[PDB]
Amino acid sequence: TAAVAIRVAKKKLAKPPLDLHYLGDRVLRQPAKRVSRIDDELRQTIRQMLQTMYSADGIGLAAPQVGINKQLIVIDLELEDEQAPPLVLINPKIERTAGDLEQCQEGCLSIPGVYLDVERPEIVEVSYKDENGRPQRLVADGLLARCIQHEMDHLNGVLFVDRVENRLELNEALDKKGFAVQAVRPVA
């Protein structure tokens, strides 16, 4: 029986609870362990991931980015309904993608200050368990589908730089932030 409520203010905190890890760090290249229990301890980690994400001005955050080896993503990208609930994906699975390939600028909380173009399918269908353990299914397009695919990549040890086709732009953007092109990995 759940006794932790996920009711996190969308506000930056003076002292965010979890620490980010950055391109180069091996934690970002470890495929994530499946979650065995969706319980109150996990929900406290969900709250802390949200607080960390809001504090770093992000829209999505995967557990490995904060050093937590779990198939767990939080997303909150709605602009219009300011207080809409965040999307919590536990043990997600991409069922299929659809639509055309679209190229858009992406950033990442684990690669601060790097913004590069990435091509992805415009539509994704994902199955998952929510923060209450209930099975769910979602079809998404636009920014939501993009963020889902980016965050799913984190659970497989894949970073958006791995999908960047422009060598000039990749190298220039990494170098100026102290990141190494050698930390990039090919796409499976």
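Just count from 1 along the sequence shown to find any residue number.
**Student:** Decide which of the stretches 83-91 and 69-77 has the higher mean C-alpha B-factor, going by the entry.
**Tutor:** The stretch with the larger mean CA B-factor is 83-91.
**Student:** In the PDB record, does 156-164 or 37-45 carry the higher mean Cα temperature factor?
**Tutor:** Here the higher of the two C-alpha B-factor means belongs to 37-45.
**Student:** Just say lowest, middle or highest third for the CA B-factor of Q105 relative to the other modelled residues in its chain.
**Tutor:** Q105: CA B-factor falls in the middle third of its chain.
**Student:** State the tercile, meaning the lowest, middle or highest third, of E119 with respect to the CA B-factors recorded for its chain.
**Tutor:** It falls in the middle third of the chain.
**Student:** Just say lowest, middle or highest third for the CA B-factor of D141 relative to the other modelled residues in its chain.
**Tutor:** According to the entry, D141 has a C-alpha B-factor in the chain's middle third.
**Student:** Of the three thirds of its chain by CA temperature factor, lowest, middle or highest, which one includes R134?
**Tutor:** Its C-alpha B-factor belongs to the highest third of this chain's values.
**Student:** Divide the modelled residues of the chain into thirds by Cα B-factor and specify which third, lowest, middle or highest, holds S127.
**Tutor:** CA B-factor rank for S127: middle third.
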